[PDB]
């Protein structure tokens, strides 16, 4: 039922209110999602000035309902089955040898637009570390996002590690722990164990003077083998 809302190109709005080590900031984004190709296209702007953390650290927080689920796997697509009422998405993100983010978000339709509204808090970050020191390269890597059912909470549990490339050639690990639960009480699809192959490419608009990020993503579900 919710899958029918994703057959074409769907407009997207994102809003994030954040606080990291006492530094408050806000981000807004807009673009388009096309689940038949598993494709996202979005542009984000820091509306409060300069972003106090690197843009790559915000990518996972800033709509997995746009993943392409092949035909033989449509029964495992929790994210679309919760639409239009939506779902709550919560994470803790541990940056190894540094602070952590905690996030709470709701993803839902407001008529024709899919909306992702987020609150973010970061604590215990080192003032001269990779995050507050802005030592991350402006890029992104490919990752497998592992998904299993959470029958007791009628949702899913998700985990994965993100590799952030640092300028000096090393990497910074970010360990993601994730839970999703529906907002409505209608029936939802609880998946078998599978994964999302996720790719992300970051760019800049040379016409944009504000602190911003241009983002393209390709996501496809896998792990059943027909």
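Positions refer to the first chain, counted from 1.
Coordinates are lacking for 1 to 3 deposited residues between residue 62 and residue 63. The mean Cα B-factor in the deposited entry runs higher for 122-130 than for the other of 84-92 and 122-130. Mean C-alpha B-factor is higher over 67-75 than over the other stretch, the pair under comparison being 98-106 and 67-75. Annotation for residue 206: C-alpha temperature factor in the highest third relative to the rest of the modelled chain, per the entry. When the CA B factors of the chain's modelled residues are split into thirds, the value for residue 41 lands in the lowest one. Residue-level temperature factors show residue 165 in the highest third of its chain, judged at the C-alpha atom. Remark: residue 156 belongs to the middle third of its chain, ranked by C-alpha B-factor as recorded. Ranked by Cα temperature factor within the chain, residue 189 sits in the highest third according to the deposited record.
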